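Heads up: the structure comes next, in structure tokens.
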Amino acid sequence: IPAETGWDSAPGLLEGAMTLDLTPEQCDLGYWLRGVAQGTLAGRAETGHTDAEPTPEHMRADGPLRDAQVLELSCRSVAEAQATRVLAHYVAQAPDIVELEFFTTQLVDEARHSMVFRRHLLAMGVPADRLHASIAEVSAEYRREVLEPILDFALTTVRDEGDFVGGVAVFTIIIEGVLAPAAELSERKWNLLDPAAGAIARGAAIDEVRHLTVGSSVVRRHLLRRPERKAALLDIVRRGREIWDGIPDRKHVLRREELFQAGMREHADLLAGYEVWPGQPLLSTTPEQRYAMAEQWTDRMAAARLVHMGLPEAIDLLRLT
Ligand SMILES: [Fe+3]
Ligand SMILES: [Fe+3]
């Protein structure tokens, strides 16, 4: 079982994305079936967690803590299922077998993430016969305002523009690159309050390390074969930024962070020592501070990944100087 896919041996999300070099040739379908399906997911195939990482009863009880997680995972379930639909087009247009296999593995991961998030909703007492409606009601505004515009950018680049590597650049820099750090924050936030959700996030973060580093290899390699494509890639990044500047993401993050605030306040006994990041107790953080930290992580990670990709000028386009 490769070190990078092992449940105990795999790096954290930022750490892996900023330090590892993985290529689509390495992470082919055999590697995924062995190292992921039979590795990372050993004992966690159905729900993403084991009996030792349970969903607490307090996550089934009506209140702000439960609402914060309902809102969060309704939204992520939709994000991941729509990402699966988008990535399908990356598979269909994969320029070769290496990319076909790799992007098949990413597609299944995203479908898996959607599945374990939705299952977690059932484990929190959302009735099975109200599950579809409930996710759809809760996530509708976020889907329409945030997910659809950024995902349509990727789809438009790969499909309408016929630009595969460009499409990968949208997905790794503008989509995953932007959202993965908030996923690691979510794992830190939830780990004591909802161990099942912490383990679910952890397994997703291991997958995400692979998506981020393989996507970077695709862009990096293309760019040094075709150095002329550099301006085109930078324009992709610029348009990406312009699209985020018009999306009201903050509004949706702060809404779940204020629910979470009331939630964690009502469960301070489970949180005592707990630091959300080095030297910072979760209990003494605010919604704005957790949003800001997730942004700081996003900026740091992008600085590191853009250099590795050969697009250090995008650090400027994304206003990271
Ligand atoms: Fe995912
Ligand atoms: Fe991903």
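Every residue, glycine among them, receives a Cβ derived from its backbone with ideal geometry; neighbour counts consider all protein chains shown. Values in this text are rule-based calculations from the coordinates and carry no lab data.
Picking from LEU306, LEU223, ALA42, whose Cα lies most toward the positive end of the charge dipole for the chain (charges on Cβ: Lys, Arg +1; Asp, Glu -1)?
Positive-end residue among those listed: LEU223.
Only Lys, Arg, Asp and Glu count, each charged at its Cβ (+1, +1, -1, -1), so figure out the dipole size of the chain about its Cα centre, rounded to 20 debye.
300 debye
As I understand it, the value is the acute angle between the Cα axis of helix 195-225 and the longest principal axis of the Cα atoms of the chain; what does it come to in degrees, rounded to 10?
So the inclination is approximately 10 degrees.
If one takes the longest principal axis of the Cα atoms in the chain, at what angle in degrees, from 0 to 90 and to the nearest 10, does the Cα axis of helix 249-265 lie?
30 degrees
For the range 121-223, what is the charge dipole size about the Cα centre, in debye to the nearest 20, if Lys and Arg each add +1 at the Cβ and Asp and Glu each add -1 at the Cβ?
Using only the charged Cβ atoms, the result is roughly 360 debye.
At a 10 angstrom cut-off on C-beta neighbours, averaged per residue, how do the peptides 181-190, 55-64 rank from highest to lowest?
Most protected by this proxy first, the peptides run 181-190, 55-64.
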